[PDB]
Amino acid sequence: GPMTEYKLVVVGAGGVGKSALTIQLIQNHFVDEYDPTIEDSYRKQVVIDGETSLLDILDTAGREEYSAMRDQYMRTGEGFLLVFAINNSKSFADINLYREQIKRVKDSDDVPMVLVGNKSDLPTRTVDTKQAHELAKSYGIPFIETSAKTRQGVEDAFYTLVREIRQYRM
């Protein structure tokens, strides 16, 4: 097949590591600073399961004052990475509100989505793996624990989302 564009959207509460995960996938660099996002775009040609693919990534705002931009990016977005931080239990509750809003504006029960539990490198957590696996299990979506700091699970999270989109297209 030809190299197609896949429109990935990274969503989640402020400071969960949406930008750090995208930057790690794009160029293998960990950003220690917190540079709050409004709305960034990334484009990169990668090979997934032997197929050349063009990743178009929208790295969105977690800050609540930018909430009005959500309806436009949710309509245009094709697949969604739902990111929460494993040491932030409010971000885990917020990730369920993103999941619901995506289904409302897109009017579909099966929009391609991957639940991502970020900051797995931290010595302690406030959201246990069983809680997150239980939530993704009820919605029939994959769940991957990641660390933008060590790169653990980063490629897996974005590539699993591409695979979810591939099945949804059919």
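Throughout, we count residues from 1 along the sequence that is shown.
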Please compare 52-60 with 129-137 and say which has the higher mean C-alpha temperature factor in the record.
129-137
Sorting the chain's CA B-factors, does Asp121 end up in the lowest, middle or highest third?
highest
Taking the entry's C-alpha B-factors for this chain, is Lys18 in the lowest, middle or highest third?
lowest
By its CA B factor, does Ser67 count among the lowest, middle or highest third of the modelled residues in the chain?
highest
Based on the deposited C-alpha B factors for this chain, I'd like to know if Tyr42 is in the lowest, middle or highest third.
lowest
Using the B-factor values recorded in the entry, state whether the Cα atom of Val105 falls in the lowest, middle or highest third among the modelled residues of its chain.
highest
